[PDB]
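> here is the input, now give the coordinates:
(chains A and B)
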Amino acid sequence: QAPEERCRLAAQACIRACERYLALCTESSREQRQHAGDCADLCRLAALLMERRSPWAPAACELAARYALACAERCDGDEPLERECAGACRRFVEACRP
Amino acid sequence: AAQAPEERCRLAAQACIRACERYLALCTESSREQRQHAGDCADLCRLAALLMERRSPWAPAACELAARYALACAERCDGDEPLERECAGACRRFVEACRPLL
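Residues are numbered from 1 along each chain as shown, chains lettered A, B, ... in the order given. See below for the structure:
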């Protein structure tokens, strides 16, 4: 699996984690939900660009990673949905550096 | 209430993908290069549409990239055949709609 393929997969696993946290988490704050959504949206963009081999892929990838960690810093807690959302955000960023 | 220009942009995006898919599926005289363009244009337009639909704050960012691919698709796919003209037109029309949201 090429680093771009694992980064794409990590990004998709991220939006799934974020959209899940958004609709399932019963203790989320308006701000926290907003952070999850920003990461989910940006990750959809970076993902679509990675698939279409766009020269903007890397650019969008970093913008997504920025909010990906900002989302973890704000939405990580103790419940599974919370650790999962923050985890997936981490896993995504970890696949951006390479 | 700045959702008026965004809604008209969302509709332009939607029309643009319809024309692009139509182009991709119907225009027989189409190079693989033009097909790739109309295709990228259509996908980005999809994301852009979805982002505007859920009133995402990152919708303009998506419209920025989509406008790029739409503008490129127009510059590459316009032609004498109606399927070619309509695609270019839809893309350009869509590009025009993104302005206020840029």
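
> so who does the residue most central in space within chain A touch?
In chain A, the residue lying closest to the centroid (C-alpha atoms, centre = their mean) is residue A:14, at 3.8 Å. Contact analysis of residue A:14 by C-beta atoms under 8 Å, 6 or more residues apart in numbering or on different chains lists A:39, A:40, A:43, A:68, A:88, A:89, A:91, A:92. Where C-beta positions appear, they are placed from N, C-alpha and C, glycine not excepted.

> if we use 7 Å, what do you get?
A:39, A:43, A:68, A:88, A:89, A:92 (C-beta atoms under 7 Å, 6 or more residues apart in numbering or on different chains).

> which other helices and strands contact the helix or strand hosting the last one?
When secondary structure is defined by DSSP states H and E, residue A:92 falls within helix A:80-94. Packed against helix A:80-94 by the contact rule (3 or more C-beta pairs under 7 Å, 6 or more residues apart in numbering or on different chains; DSSP states H and E) you find helix A:3-24, helix A:30-51, helix A:57-75.

> got the angle for that helix vs helix A:57-75?
Here the directions of helix A:80-94 and helix A:57-75 differ by 150 degrees (axes from the mean of the first three to the mean of the last three C-alpha atoms, to 10 degrees).
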